[PDB]
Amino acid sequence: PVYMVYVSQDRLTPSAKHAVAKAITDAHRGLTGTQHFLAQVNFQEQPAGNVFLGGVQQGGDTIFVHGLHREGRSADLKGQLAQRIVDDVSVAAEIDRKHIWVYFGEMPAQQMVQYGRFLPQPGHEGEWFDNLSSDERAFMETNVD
């Protein structure tokens, strides 16, 4: 998946960003079975005061997670995954759950590309990984924490 994480400038130190990224990745690995190295977390920092709720300008405390996944998982699984991201980003970012927004969008795996390769259907990541060239496997395997 690709998790776009919209935060304020300097709300997360390099260490907190790392912890939030592990937490999102670990929740996704644990609830779906997708390998660590297939999950991207992309932080988008903007100056504080660029978020408005109900038209009221906010401080640096909001977090919006926009998760981009492939189709095929149940609504039950996606709800569990959304809820664990709320809980685990709360802890990792030391941020109250009330400050956290999370949206999941889905598209066919047939129009999703990671590492220059088309993605398999969810559940089939063992295959697909095994049918990748040695260089590609080794290169993906560096992205495990």
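All residue numbers are counted from 1 along the displayed sequence.
Relative to its counterpart among 46 to 54 and 31 to 39, 31 to 39 has the higher mean temperature factor, C-alpha atoms as listed in the PDB entry.
Between the stretches 6 to 14 and 128 to 136, it is 128 to 136 that shows the larger average CA temperature factor. Ranked against the other modelled residues of its chain, the C-alpha B-factor of residue 108 as given in the entry falls in the lowest third. In this PDB entry, the Cα temperature factor of residue 120 sits in the top third of its chain's modelled residues, the highest group. Among the modelled residues of its chain, residue 60 has a C-alpha B-factor that falls in the highest third according to the deposited record.
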